[PDB]
Structures are given as C-alpha cells and as structure tokens.
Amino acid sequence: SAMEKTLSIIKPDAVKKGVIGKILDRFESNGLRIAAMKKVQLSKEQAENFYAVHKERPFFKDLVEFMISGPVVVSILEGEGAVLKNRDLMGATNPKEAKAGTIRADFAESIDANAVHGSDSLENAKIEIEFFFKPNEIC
C-alpha cells in the first residue's frame, strides 16, 4: 500500500537547532512524501493528551515540559511501509545506540532530547494523525 501514512514530529530540540529541512529531506529522499505539515506550538494540555499513556511513569512531567518548551513540526509521511520506514530513518530511541546516518544519531542530544517522534504502529499512526490533522490538511 503506497498510501500508508504515519505521523512524524520534529521535536523542539531539532526545531531550535534549525535542522527541520535536513530531517524532512531524510524522508523525501527515501520514498516518503510529506502529505501534510505544519509548525505548531503545543500547550501543556495538548502534550498531556498526546502522551496520556505515559501519565504512568515518573518521566511524564519532564517529557511534557520538553515537548512544549518550543514549537514542533508535525507531518504526515506517506509511502510504502511508511510506519516502519520512518522508524528505520529515525533510529533507536537512545541516540547513543542509533545507527550511523539515522536522524537520532545525527541530530539528537540524549534520550530525553531525541529530535523526532514517529508512530510506532499502523494503529497508533491512525490515532496520532487524527489528533493533529483534519482531512482537509492532507493535500
């Protein structure tokens, strides 16, 4: 399915570094089209809603303050195996363990400031895309 879609977030650390274009190019150079995209500032409540599953752990507060500490760029990436391809391009969550040439190897400072988010399954991609985008934004 050449029309598989997944959610990408370029997080506030990478936005502040000014590497939005370099990160987007990793996607477009590797068979993924930017189907939708906007730069947005999340409120505390919005980051809390998006990450409600981590309401669980100690690191929730820190995750939220980070995710609202500046603007992010949210995108729908579309293409064959988009969900897994995005994850492959992002690299392991720990930048120290991320393979060479991955976004997190190249641009991430630490586990906590790890540059990018990507949906981790088709199910979650559907939920995360709906959270950010109305159908008319997908063009």
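A residue's number is simply how far along the shown sequence it sits, counting from 1.
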- Item | Stretch exceeding the other in mean C-alpha B-factor - 125 to 133, 8 to 16 | 125 to 133
- Task: Return whichever of 115 to 123 and 18 to 26 has the greater mean Cα B factor according to the PDB record.
- Result: 115 to 123
- Largest Cα B-factor, entry values, listed residues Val73, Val53, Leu42, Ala82: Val53
- Item | Top residue by Cα temperature factor, when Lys61, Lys38, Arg104, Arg87 are compared in the entry | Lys61
- Item | Assigned third (lowest, middle, highest) for the C-alpha B factor of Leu77 | lowest
- Task: Would you mind checking where the Cα B-factor of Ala92 ranks among the modelled residues of its chain, as the lowest, middle or highest third?
- Result: highest
- Lowest, middle or highest third: where is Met67 by Cα B-factor in its chain? middle
